[PDB]
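Engineer: Structure in structure tokens, see below.
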Amino acid sequence: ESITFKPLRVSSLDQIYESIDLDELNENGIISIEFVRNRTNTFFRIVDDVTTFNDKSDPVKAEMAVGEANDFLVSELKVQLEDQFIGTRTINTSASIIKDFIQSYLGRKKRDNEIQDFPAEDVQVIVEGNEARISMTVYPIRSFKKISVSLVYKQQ
Amino acid sequence: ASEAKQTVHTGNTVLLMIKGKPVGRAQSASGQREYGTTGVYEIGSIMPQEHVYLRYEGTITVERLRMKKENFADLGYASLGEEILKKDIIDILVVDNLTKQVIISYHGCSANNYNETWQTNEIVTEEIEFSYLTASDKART
Amino acid sequence: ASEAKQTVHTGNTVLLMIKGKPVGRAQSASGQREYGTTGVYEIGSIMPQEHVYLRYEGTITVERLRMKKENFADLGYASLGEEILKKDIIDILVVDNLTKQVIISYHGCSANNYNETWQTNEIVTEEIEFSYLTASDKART
Amino acid sequence: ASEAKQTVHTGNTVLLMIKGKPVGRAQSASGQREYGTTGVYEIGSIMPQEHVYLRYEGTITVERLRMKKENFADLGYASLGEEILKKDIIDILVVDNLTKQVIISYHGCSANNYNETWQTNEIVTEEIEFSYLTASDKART
Amino acid sequence: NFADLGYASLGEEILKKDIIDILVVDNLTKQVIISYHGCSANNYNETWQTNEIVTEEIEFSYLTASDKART
Amino acid sequence: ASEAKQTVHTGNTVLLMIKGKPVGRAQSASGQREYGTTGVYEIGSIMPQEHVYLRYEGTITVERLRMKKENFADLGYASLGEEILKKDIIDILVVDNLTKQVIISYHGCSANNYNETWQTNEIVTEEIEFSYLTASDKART
Amino acid sequence: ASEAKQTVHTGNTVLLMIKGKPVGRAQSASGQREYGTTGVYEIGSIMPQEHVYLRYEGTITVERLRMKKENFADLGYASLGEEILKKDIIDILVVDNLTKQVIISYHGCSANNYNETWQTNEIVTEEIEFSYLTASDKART
Amino acid sequence: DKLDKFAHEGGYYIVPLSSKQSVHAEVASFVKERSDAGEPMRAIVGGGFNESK
Amino acid sequence: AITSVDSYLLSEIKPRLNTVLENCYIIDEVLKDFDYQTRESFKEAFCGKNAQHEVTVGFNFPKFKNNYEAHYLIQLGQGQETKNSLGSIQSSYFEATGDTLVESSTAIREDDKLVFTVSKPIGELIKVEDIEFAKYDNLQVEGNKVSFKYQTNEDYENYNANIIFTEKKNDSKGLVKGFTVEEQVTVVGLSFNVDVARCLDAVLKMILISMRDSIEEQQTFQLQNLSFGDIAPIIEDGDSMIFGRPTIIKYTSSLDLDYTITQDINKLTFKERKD
Amino acid sequence: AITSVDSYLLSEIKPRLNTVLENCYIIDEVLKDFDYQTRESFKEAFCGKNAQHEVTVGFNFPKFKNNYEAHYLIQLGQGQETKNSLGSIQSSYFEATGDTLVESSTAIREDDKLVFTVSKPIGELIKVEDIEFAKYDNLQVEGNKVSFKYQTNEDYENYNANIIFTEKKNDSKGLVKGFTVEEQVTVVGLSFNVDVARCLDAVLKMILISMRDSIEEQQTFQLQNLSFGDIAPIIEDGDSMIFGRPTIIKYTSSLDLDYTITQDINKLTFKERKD
């Protein structure tokens with residue numbers, strides 16, 4: 001879950017950025033706070049997740065929430081993998097066995113809703129003496145950003 | 001000569017592996033899966049108009065000769081009491097002796113019942129039955 | 001000499017075919033059908049006045065030796081998890097070795113349960129049981 | 001048999017949503033309605049001349065297995081104490097799993113009964129009863 | 001379904017639904033066995049469950065029932 | 001499967017406490033609530049415009065196997081004769097066994113019904129019904 | 001498992017006595033109580049402010065196999081005709097078999113219902129219902 | 001030197017309570033080192049009062 | 001593929017037996033349980049590269065004199081049919097395939113792909129050692145050589161791999177008709193010294209154990225069973241007796257024949273009828 | 001570990017038989033059911049330290065004359081394979097291990113620990129007699145010697161313990177491939193006096209009973225079964241007949257071979273991909 005759009009309790013702000021002012025910051029990789037007013041309520045909201053990195057091409061680079069999801073996924077996987085094969089005394093191991101273990105791990109995450117989808121066949125494993133190379137892909141989660149609405153008034 | 005187009009699997013071309021460790025003196029294993037197919041019967045037909053999948057139940061059994069060391073109890077894979085509650089899931093792999101490629105793997109295996117037989121005229125044997133979440137035959141060629 | 005008026009079918013005169021592919025090293029198959037006949041009993045009679053058909057249930061089983069290639073899992077005919085939901089129906093044909101004419105065909109076959117046995121002293125075997133919509137013996141001479 | 005081709009909604013095909021989230025570990029759901037139908041009778045004849053609708057009653061039931069997190073009490077969709085007066089109406093949707101299309105929606109759901117059970121070896125069961133203002137089945141076409 | 005087909009209604013649209021006639025028929029010859037005239041809805045029930053098939057139930061009250069055209 | 005990782009409260013994970021003691025040989029516990037919900041109807045339309053809450057009813061049930069010591073009668077949590085008028089309110093807690101965290105609490109519990117049974121070969125069963133003032137689920141977060 | 005060490009009253013451990021005699025061929029016994037509990041409600045809030053006790057109802061049930069001698073009718077503990085008006089109150093005790101210690105006592109028992117059955121191959125069953133004035137559990141400590 | 005003290009501690013999020021640009025560079029370099037080393041981290045930074053866009 | 005168990009046994013035994021007798025460490029491992037005297041005598045006589053005495057192996061009824069100091073004697077034995085399939089069908093193949101080959105092959109660089117060369121064309125690729133090619137690598141076989149994408153794998157330009165593959169014979173297709181046969185083959189060691197016979201039998205048992213990892217009997221001769229006879233005097237009419245302990249080896253193999261098919265459909269004639 | 005049942009039988013029989021025949025009390029216990037005459041005659045002939053007559057044991061077909069007053073004759077017999085495991089896998093080992101040894105070793109004082117010395121290094125410690133080391137004692141093995149905390153155990157500075165342990169051979173790791181074999185071995189006593197043969201058979205039965213507590217057959221040769229033949233004249237062509245009653249002994253042992261593994265993983269290369 002991203003910090004995007006979530007409210008904040010801050011009493012007040014020095015400057016109240018306009019819609020265009022906010023757009024310039026966010027497009028240039030600046031995270032800001034937005035003000036809104038209800039009938040009798042007021043909120044301060046985090047407009048979006050953006051890092052200093054500017055390019056919109058790759059969500060992992062731009063949105064820290066997406067990159068964070070990848071970060072914890074890989075780090076938790078590798079440390080577990082280190083324990084099973086490197087740490088624990090393993091007598092034998094094959095590339096395919098590693099491939100199955102990886103697929104088992106990813107399937108569990110989907111069952112826990114941590115990841116929405118992924119390619120099963122994209123995984124690659126190579127072993128070379130005392131070293132192994134692992135390559136895989138997972139689709140980042142996409143959040144809901146824009147809604148456009150139009151109204152039509154009519155008689156009767 | 002050896003034409004691979006007709007080869008079959010046997011007890012001498014298979015390995016049973018847990019956590020990378022090959023379980024020793026393992027004798028047999030059986031796997032079951034039930035999709036719970038059920039038919040749909042209309043009023044104006046005795047025949048089933050169609051079948052539908054409803055429920056996935058699967059179990060795997062393993063028979064072994066109790067080695068003096070590395071038995072299922074000593075390995076920590078099985079359990080004998082409340083220690084079970086702290087036992088996490090495991091994955092049981094059937095891997096090819098020749099290539100070390102995988103033939104079938106069971107994910108999220110959990111233990112169901114435990115049986116051991118002490119007998120006078122025969123070697124000691126123990127049997128375990130697991131219940132698994134899903135099966136997989138990936139990582140092929 | 002060979003008088004056809006008395007010939008019978010055997011294992012050497014039959015082929016088991018799926019999607020045109022002859023399944024290899026297939027051992028046995030059994031077919032069951034239940035019409036669910038029930039009688040009607042009046043007050044003034046212990047005898048059943050008549051019988052009526054009510055429900056059609058049918059299953060077919062297949063026993064096979066797991067070849068290293070083209071096993072039921074690799075062929076995509078069977079399934080091991082949620083992949084089953086994307087598997088469509090199939091038709092299983094029993095066809096004559098001599099003439100390649102059909103003897104009996106099962107339409108709209110769907111899988112019911114899956115069994116595989118790993119054993120030390122014997123060749124690996126697997127068993128599948130299907131549920132079918134209708135059977136047919138058409139396309140004869 | 002296949003996912004798309006089955007003409008009937010199995011329990012698997014259906015998904016239940018509340019307020020932009022799925023409901024985990026759901027087990028059952030029932031919806032009952034009464035249009036308050038009555039018959040018109042007069043002196044001329046016994047037979048009812050017409051039928052009319054008087055009052056609309058709509059209730060939906062849900063059962064769930066109490067998760068250690070994200071329960072109705074934890075999630076705020078249901079309340080125990082006086083906080084209920086601070087709870088607004090809720091809208092429930094029953095959804096097609098394949099495409100997230102809507103099957104039926106309940107508008108203005110408010111709580112009537114809340115039941116909970118604990119037992120030695122069973123799973124904790126959480127039940128709740130909702131009364132709603134209207135039920136609509138639109139956006140399908 | 002009845003909701004999709006309009007034979008049954010959920011919301012206020014019921015007031016826009018007219019009477020319905022039901023027939024129970026012999027499959028062989030499409031001869032009539034019994035007919036219900038002036039059917040109008042009383043109760044509508046629906047259930048969902050983990051591994052069962054979705055069951056839809058409905059209750060109709062009618063004005064008259066006739067068994068004619070058989071002879 | 002493991003103790004910590006199971007997302008669902010099994011009966012084993014739960015513990016029941018009264019007044020700083022656990023309740024031994026507990027077997028069942030149920031809690032039911034009714035908010036006294038009603039619908040608002042007017043002449044303009046049949047459909048209910050709004051729903052409101054009228055009265056709060058809360059009851060909890062408990063069953064227990066009569067121990068030779070520490071029963072409710074022995075422990076004073078329940079009374080048989082006129083001594084009930086000298087018994088104050090009681091608070092019940094349902095607890096997570098692992099960490100002694102609170103899951104739900106019942107405040108102001110007072111007794112309604114008390115039932116007891118004896119039988120030839122069954123275990124003595126003690127049942128009691130409590131009505132309470134409020135139920136709260138706090139201190140979890 | 002042992003007689004003394006079992007913390008739970010099995011049916012075997014219990015003995016039932018009336019007027020200095022044991023009741024032979026007893027089969028069942030149940031005791032139910034209602035304190036006539038009610039809730040207090042006011043205009044200020046829906047929640048019940050307090051609970052109070054109104055009326056005390058106490059009933060005990062007993063079943064027995066009609067012996068050829070020493071039945072309730074034979075023993076005078078129960079009556080059929082107008083002789084009931086000549087029958088005084090009775091006190092029942094439920095006793096620990098090991099030491100003849102008292103477990104619970106019913107004071108002022110008077111009869112409400114008396115039921116009897118005969119059947120081809122079953123044992124004759126005699127049932128009786130007693131209403132009492134008070135129930136006390138004292139002399140244990 | 002202060003930031004190097006936090007290596008091998010698992011704190012994913014780190015925040016320096018300062019506006020100095022050079023300090024921000026130190027954290028960014030440090031976070032870069034840890035991420036490649038196998039300890040991912042994220043840094044959140046913000047400086048001064050009402051600073052110009 | 002008709003099976004000649006005796007020739008396979010000879011081909012497996014000769015180089016493997018020579019290699020085992022080449023070095024002393026393996027022999028000492030084998031003869032751990034035997035006494036010092038017989039162990040050391042056998043090692044002195046037969047073991048080592050520079051051994052003066054040598055063992056031999058051959059079939060029965062040789063017209064020439066055969067050395068009886070230490071020899072492995074083979075005879076064919078009985079056979080039986082145990083299992084069959086429907087229509088005697090064993091497998092179906094689209095491309096004619098011969099034996100299964102294992103070849104070492106160092107990686108090579110090609111302008112778009114890393115590749116491995118092989119001796120002969122490929123009918124089917126079973127396994128590449130310690131590799132699980134993904135979609136990105138786009139594994140492709142083009143006759144003699146197998147190939148994968150150059151760019152993302154460029155670290156492995158000289159990977160010392162080895163390959164398990166299958167020969168390609170023809171593009172025709174056919175059916176495999178045959179059955180399974182349960183065969184028994186007898187093997188006996190001969191020596192006028194009984195201790196030499198015992199050690200020879202132990203060595204035979206060890207090489208039979210080692211053979212189970214061989215490709216051919218993994219693919220062709222599964223379900224190996226062993227049975228040993230009693231030490232008996234093979235001959236008494238000489239100046240000194242011949243002592244030998246026969247052993248019976250069992251195997252299961254699939255005798256089969258490839259039945260070609262000339263029927264190939266390439267056009268369809270869907271037309272209606274009128275009346 | 002290939003098994004030579006005959007050599008094990010000889011090694012177990014010779015010292016044990018000598019010890020049993022050494023003293024009269026054990027022999028009297030053995031021959032309780034026999035009559036006075038034969039019992040006392042056998043005791044006079046063979047029993048006692050200073051016995052003039054002596055029994056012998058050896059294998060069959062000896063080129064030299066063999067004493068036929070009282071002798072134990074062994075011959076190898078048949079064998080069969082009875083059970084197998086998947087892939088012929090019996091066990092997995094991280095450190096090469098030889099035989100299981102039992103050694104007596106008096107406790108010794110070291111500045112921080114009490115220790116026991118042993119003849120050879122330790123691969124694994126099975127048991128220390130009448131000891132169950134706790135966490136406080138912090139049992140540790142460091143090559144030749146095993147050690148435990150000095151302070152709280154200081155009363156036992158000279159504990160006359162004994163140790164059951166296993167030899168250490170190498171630090172390499174591998175797999176154990178093999179099967180189980182059900183073997184039959186024949187043993188017969190020879191004597192021109194039938195009563196001596198009967199008593200000899202009884203002694204043989206007793207020593208077979210006693211052997212079941214031996215370490216080696218407890219670990220290697222389980223499931224011992226016995227079968228006795230009829231008293232028959234072994235030879236009639238001499239001046240007087242040879243009488244003997246053959247006995248058949250059965251055993252179950254695991255013929256196996258250690259397959260080493262050179263693959264050792266020590267590094268990981270987790271990298272992502274881009275497209």
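Note on naming: chains are A, B, ... as they come in the structure tokens, residues start from 1 per chain, ligands start from 1 in the order shown.
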So which residues touch residue 62 (chain J) within 12 Å, counting only C-alpha atoms, skipping near sequence neighbours fewer than 3 positions away, as a compact mmCIF listing (two decimals) with N, CA and C atoms, in the first residue's frame?
Structural biologist:
```txt
# COMPACT_ATOMS: atom_id res chain seq x y z
N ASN I 193 41.94 -70.65 -7.45
CA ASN I 193 42.09 -70.18 -6.08
C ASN I 193 40.76 -69.58 -5.64
N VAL I 194 40.20 -70.11 -4.55
CA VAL I 194 38.86 -69.72 -4.14
C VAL I 194 38.83 -68.27 -3.66
N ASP I 195 39.89 -67.83 -2.97
CA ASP I 195 39.92 -66.46 -2.47
C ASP I 195 39.89 -65.46 -3.61
N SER I 240 43.77 -79.86 -10.66
CA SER I 240 43.21 -79.08 -9.56
C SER I 240 41.86 -78.52 -9.98
N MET I 241 40.99 -78.36 -8.99
CA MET I 241 39.62 -77.96 -9.23
C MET I 241 39.52 -76.50 -9.67
N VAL J 57 38.34 -74.69 12.99
CA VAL J 57 37.35 -74.13 12.08
C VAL J 57 38.06 -73.63 10.83
N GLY J 58 37.42 -73.81 9.68
CA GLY J 58 38.01 -73.38 8.42
C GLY J 58 37.01 -73.51 7.30
N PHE J 59 37.41 -73.01 6.14
CA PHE J 59 36.54 -73.03 4.98
C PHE J 59 36.61 -74.38 4.28
N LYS J 65 44.94 -82.16 4.60
CA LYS J 65 44.09 -82.94 5.49
C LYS J 65 43.59 -82.08 6.63
N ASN J 66 42.33 -82.32 7.00
CA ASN J 66 41.64 -81.57 8.03
C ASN J 66 41.20 -82.51 9.14
N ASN J 67 41.36 -82.06 10.38
CA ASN J 67 41.07 -82.91 11.53
C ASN J 67 39.58 -83.17 11.63
N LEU J 73 32.91 -76.54 9.82
CA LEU J 73 33.10 -76.37 8.39
C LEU J 73 32.12 -75.34 7.86
N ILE J 74 32.62 -74.39 7.08
CA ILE J 74 31.84 -73.28 6.56
C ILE J 74 31.86 -73.32 5.04
N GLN J 75 30.73 -72.99 4.43
CA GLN J 75 30.64 -72.81 2.99
C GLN J 75 29.62 -71.71 2.71
```
Engineer: Enumerate as a short mmCIF file (atom, residue, chain, number, x, y, z; two decimals) with N, CA and C atoms, in the first residue's frame the residues belonging to chain A that approach chain I to within 7 Å, with only C-alpha atoms taken into account.
Structural biologist:
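Saved file result-v7.cif follows:
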```
data_model
loop_
_atom_site.label_atom_id
_atom_site.label_comp_id
_atom_site.auth_asym_id
_atom_site.auth_seq_id
_atom_site.Cartn_x
_atom_site.Cartn_y
_atom_site.Cartn_z
N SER A 94 20.50 -28.78 -7.99
CA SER A 94 20.43 -28.62 -9.43
C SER A 94 19.74 -27.30 -9.76
N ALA A 95 19.95 -26.84 -10.99
CA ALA A 95 19.34 -25.59 -11.42
C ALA A 95 17.82 -25.67 -11.38
N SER A 96 17.27 -26.80 -11.84
CA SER A 96 15.82 -26.95 -11.87
C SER A 96 15.22 -26.88 -10.47
N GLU A 121 6.97 -18.51 -16.68
CA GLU A 121 7.97 -19.09 -17.56
C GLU A 121 9.18 -18.20 -17.75
N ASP A 122 9.19 -16.99 -17.19
CA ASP A 122 10.25 -16.04 -17.47
C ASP A 122 11.51 -16.31 -16.67
N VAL A 123 11.44 -17.18 -15.66
CA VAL A 123 12.57 -17.37 -14.76
C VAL A 123 13.72 -18.03 -15.51
N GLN A 124 14.94 -17.64 -15.15
CA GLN A 124 16.16 -18.24 -15.68
C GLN A 124 17.09 -18.58 -14.53
N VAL A 125 17.75 -19.73 -14.64
CA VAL A 125 18.73 -20.17 -13.66
C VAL A 125 19.94 -20.72 -14.39
N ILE A 126 21.12 -20.31 -13.96
CA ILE A 126 22.38 -20.79 -14.51
C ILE A 126 23.32 -21.08 -13.34
N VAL A 127 24.03 -22.19 -13.42
CA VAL A 127 24.98 -22.61 -12.39
C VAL A 127 26.35 -22.73 -13.02
#
```
Engineer: Let's see if you can do this: from backbone DSSP, list all helix (DSSP H, G or I) residues in region 32-273 of chain I, as a PyMOL selection string.
Structural biologist: chain I and resi 36-46+86-88+151-156+194-211+215-219
Engineer: For C-alpha atoms, I'd like the residues from the last selection saved as an mmCIF file, in the first residue's frame.
Structural biologist:
```cif
data_model
loop_
_atom_site.group_PDB
_atom_site.id
_atom_site.type_symbol
_atom_site.label_atom_id
_atom_site.label_comp_id
_atom_site.auth_asym_id
_atom_site.auth_seq_id
_atom_site.Cartn_x
_atom_site.Cartn_y
_atom_site.Cartn_z
ATOM 1 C CA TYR I 36 44.561 -58.577 5.146
ATOM 2 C CA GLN I 37 46.010 -61.675 3.479
ATOM 3 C CA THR I 38 43.578 -62.196 0.597
ATOM 4 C CA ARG I 39 43.170 -58.455 0.043
ATOM 5 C CA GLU I 40 46.902 -57.854 -0.285
ATOM 6 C CA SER I 41 47.443 -60.969 -2.407
ATOM 7 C CA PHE I 42 44.769 -59.905 -4.890
ATOM 8 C CA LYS I 43 46.168 -56.370 -4.940
ATOM 9 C CA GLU I 44 49.662 -57.700 -5.636
ATOM 10 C CA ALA I 45 48.465 -60.028 -8.389
ATOM 11 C CA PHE I 46 45.935 -57.968 -10.343
ATOM 12 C CA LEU I 86 -2.919 -52.015 -25.961
ATOM 13 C CA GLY I 87 -2.175 -52.919 -29.557
ATOM 14 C CA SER I 88 1.432 -53.496 -28.452
ATOM 15 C CA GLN I 151 23.731 -9.993 -25.098
ATOM 16 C CA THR I 152 22.426 -10.708 -21.582
ATOM 17 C CA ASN I 153 24.568 -13.877 -21.251
ATOM 18 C CA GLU I 154 27.857 -12.394 -22.510
ATOM 19 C CA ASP I 155 29.652 -13.277 -19.246
ATOM 20 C CA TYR I 156 29.546 -16.986 -20.213
ATOM 21 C CA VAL I 194 38.859 -69.719 -4.138
ATOM 22 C CA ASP I 195 39.919 -66.461 -2.469
ATOM 23 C CA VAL I 196 40.575 -64.899 -5.868
ATOM 24 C CA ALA I 197 37.071 -65.980 -6.874
ATOM 25 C CA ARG I 198 35.585 -64.321 -3.787
ATOM 26 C CA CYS I 199 37.392 -61.045 -4.451
ATOM 27 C CA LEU I 200 36.418 -61.223 -8.123
ATOM 28 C CA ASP I 201 32.769 -61.654 -7.143
ATOM 29 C CA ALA I 202 32.984 -58.629 -4.852
ATOM 30 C CA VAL I 203 34.466 -56.537 -7.667
ATOM 31 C CA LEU I 204 31.686 -57.746 -9.960
ATOM 32 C CA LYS I 205 29.079 -56.654 -7.421
ATOM 33 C CA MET I 206 30.664 -53.215 -7.132
ATOM 34 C CA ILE I 207 30.737 -52.639 -10.882
ATOM 35 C CA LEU I 208 27.105 -53.751 -11.123
ATOM 36 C CA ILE I 209 26.309 -51.144 -8.468
ATOM 37 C CA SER I 210 28.238 -48.502 -10.399
ATOM 38 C CA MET I 211 26.489 -49.343 -13.675
ATOM 39 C CA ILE I 215 22.618 -43.718 -19.402
ATOM 40 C CA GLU I 216 21.803 -46.835 -21.413
ATOM 41 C CA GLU I 217 20.448 -49.033 -18.621
ATOM 42 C CA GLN I 218 18.767 -45.988 -17.091
ATOM 43 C CA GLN I 219 16.885 -45.682 -20.396
#
```
Engineer: For the atom pair CA of residue 62 (chain E) and CA of residue 32 (chain E), what is the interatomic distance in Å to one decimal place?
Structural biologist: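 It comes out at 18.0 Å.
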Engineer: Enumerate, as a PyMOL selection string, the complete set of residues in chain F that a backbone-based DSSP assignment places in strand (DSSP E).
Structural biologist: chain F and resi 14-18+21-22+26-34+37-39+51-53+57-65+90-96+102-119+125-131+134-136
Engineer: With chain C laid on chain F by least squares, using all C-alpha atoms in order, how large is the RMSD?
Structural biologist: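 With chain C fitted onto chain F, the C-alpha RMSD reads 1.5 Å.
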